[PDB]
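Structural description and commentary
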Amino acid sequence: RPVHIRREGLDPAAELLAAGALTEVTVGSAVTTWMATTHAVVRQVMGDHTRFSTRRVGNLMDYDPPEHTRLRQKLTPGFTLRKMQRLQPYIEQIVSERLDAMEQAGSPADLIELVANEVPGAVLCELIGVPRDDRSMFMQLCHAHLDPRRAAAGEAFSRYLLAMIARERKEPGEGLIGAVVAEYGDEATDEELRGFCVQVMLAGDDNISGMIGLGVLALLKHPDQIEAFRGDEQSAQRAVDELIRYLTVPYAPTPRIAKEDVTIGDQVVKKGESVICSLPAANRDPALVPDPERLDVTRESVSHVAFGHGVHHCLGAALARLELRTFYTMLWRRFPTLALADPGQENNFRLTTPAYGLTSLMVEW
Ligand code: HEM
């Protein structure tokens, strides 16, 4: 595995943490790819949309200002703090259902297959405005276009979502697709609102799911940390942010291509040379937080780069923190005796996803 993808258990690869803040890999005498490993470099590179590009409808990550600005402008109004707090009741119920499914399975149980791989799509479907009746189908059609062949028919997803869009066009209601139509109507192309739907589901899935499982594993391997979720919501907020920093599920963000010769410290990234930003390494930076190798939920929140930095900052960071706080809090309320069914398992990990996670995890209700 490459160094940036290598993870030693719940932690990233030690070699990343020992590499220079801006490591230069050159294959020639000259394809030069750079790797940012510190909090300061990662922030200068992601924060500089005037010198770095993300270009290789929808998928804001592949867009640069001013095109990225216009797109993100339409969808960003639907991610405010209050807008997300209103989704909290739905989130709670979506999780309570799978927590009820947990009791139905008894003690030995793949939390991953039961809850971690279910809660994400549910909450996301609600945010978009997908009716609870027609939901699994949408999710299944999504997992279908993934071509787990060329026969993958995502045209079904396309027209189901085109129908949802045109219905909310003639009937603006609760949801992101409806909110965008309320203020933009025809100006918001069908393809645009579609690409945005695809984007939100592909970004808020493997990340949250990865955090749902890896978080429980860590909180269970370090039982002094469960207390944060048995008290104030503030005590729990600090803990979600600590877990996000420590586990940094995204290995790296979209590669940043220099649009000109950028001087980063004593080094110079040349035009065309790309920079990979190792978020997990950056969030393990002693300049960001003292004793960065430790998992301590008592820590005061810090400006980690797990949700990004700059114009492409995660549009659902607030939702991820709320969609993870409630779960942990409820998991340790319904099953306040959970442990590792196999205290001697190899913790099967997700090594194929662009986000770290557990492919399987067996608990003991
Ligand atoms: C429901 C959950 C989530 C949604 C809806 C969501 C949505 C998004 C969207 C739309 C973007 C693109 C922003 C833009 O380019 O304008 C984005 C970027 C990003 N998200 Fe998420 N996200 C979610 C969860 C997470 C989680 C849990 C993490 C990390 C633990 C994460 C990490 C990131 C990062 C690092 C970026 C920036 C990537 C880059 O700059 O290229 N996201 N997210």
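Residues numbered from 1 in each chain as written, not as in the entry; some residues may be left out. Heavy atoms only, no water. Residues with missing side-chain atoms left out of burial classes, pairs and counts.

Regarding how it was determined, this PDB entry cites X-ray crystallography in its header, along with a resolution of 2.80 Å.

1. Description of the UniProt feature "binding site: heme b" (unreviewed entry) in the protein
The test is simple: UniProt positions are given in the numbering used here, feature names are shortened, and annotations may be inferred rather than shown by experiment. A helix here means a DSSP run of H or I that spans at least four residues, while a strand means a run of E at least two residues long, and both kinds are numbered starting from the N terminus. Contacts between residues were defined by any pair of non-hydrogen atoms, one from each residue, lying within 4.5 Å. Polar contacts, as used here, are pairs of N or O atoms within 3.5 Å; protein pairs need one atom able to donate a hydrogen and one able to accept it. Residues neighboring in sequence count only if both atoms are side-chain atoms.
Cross-referencing UniProt, the feature "binding site: heme b" (unreviewed entry) maps to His68, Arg72, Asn207, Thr254, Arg256, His312 and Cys314 in the present numbering. By secondary structure assignment, the location of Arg256 is in strand β7 (residues 256–258). What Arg256 contacts, discounting residues up to four positions off in sequence, is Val45, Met46, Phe52, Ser53, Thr54, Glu273, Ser274, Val275 and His312. In this structure the side chain of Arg256 is engaged in a polar contact, spanning 2.7 Å, whose partner is the backbone oxygen of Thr254. Mapping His312 onto the fold places it in the loop between α13 (279–282) and α14 (317–334). With residues near it in sequence (within four places) discarded, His312 still touches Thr54, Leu60, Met61, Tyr63, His68, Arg72, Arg256 and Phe307. One polar contact links the side chain of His312 to the main-chain carbonyl oxygen of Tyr63, over a distance of 3.3 Å.

2. Some thoughts on the packing of aromatic side chains
Here the distance between the centres and the angle between the planes together describe a pair of aromatic rings. Here is the rule: Pairing of aromatic rings covers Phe, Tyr and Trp, the last through its six-membered ring, and needs centres within 6.5 Å; plane angles under 30 degrees mean stacked, over 60 mean edge-to-face, and all others mean tilted. Criterion for a charge above a ring: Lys NZ or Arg CZ within 6 Å of the ring centre, and within 35 degrees of the ring normal.
Judged by centre distance (5.4 Å) and plane angle (55 degrees), the ring pair of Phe327 and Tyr328 falls under tilted. Through a chain of ring-to-ring contacts, three or more aromatic side chains come together here, namely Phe138, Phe157 and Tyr160. Over the ring of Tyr251 we find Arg7, and its NZ or CZ is 4.3 Å from the ring centre. Positioned above the aromatic ring of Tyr184, the side-chain terminus of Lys74 is 5.4 Å from the ring centre.

3. As for the pairing of strand β4 (residues 31–36)
The condition is simple: Two strands make a pair as long as DSSP finds a minimum of two bridges between them.
Direction of pairing for strand β3 (residues 22–27) relative to β4: antiparallel, over a ladder of six bridges. Paired with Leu22 across the strands is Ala36, a residue of β4. Pairing analysis gives four bridges linking β4 to strand β10 (residues 274–277), with the strands arranged parallel. In the strand pairing of β10, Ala36 is matched with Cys277.

4. Concerning helix α4 (residues 81–105)
In plain terms, the rule: Take the residue count of a helix, subtract one, and multiply by 1.5 Å to get its expected span. Bending is quantified residue by residue as the angle between axes fitted to the seven-residue window ending at that residue and the seven-residue window starting at it.
For α4, spanning 25 residues, the distance from its first C-alpha to its last is 35 Å, which sits close to the expected 36 Å at 1.5 Å a residue. For α4, the principal kink sits at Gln88 and spans about 35 degrees; a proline, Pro89, occurs within the next four residues. Two to three positions downstream of the cap, the backbone nitrogen of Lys83 sits 3.2 Å from a side-chain oxygen, assigning the N-cap of α4 to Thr80. Two residues or fewer after α4 comes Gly106, characterised by a positive phi angle close to 85 degrees.

5. So, the sheet that holds β7
Across a sheet, paired strands are connected by hydrogen bonds in the backbone, their directions being either parallel or antiparallel. Spatially, five strands are ordered β3-β4-β10-β7-β5 in an open sheet, and the strand pairing comes out mixed. Lying at the two open borders of the sheet, with one neighbouring strand each, are β3 and β5 (52–53). Pairing analysis gives two bridges linking β5 to β7, with the strands arranged antiparallel. Considered in β7, the bridge of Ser53 is made with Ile257.

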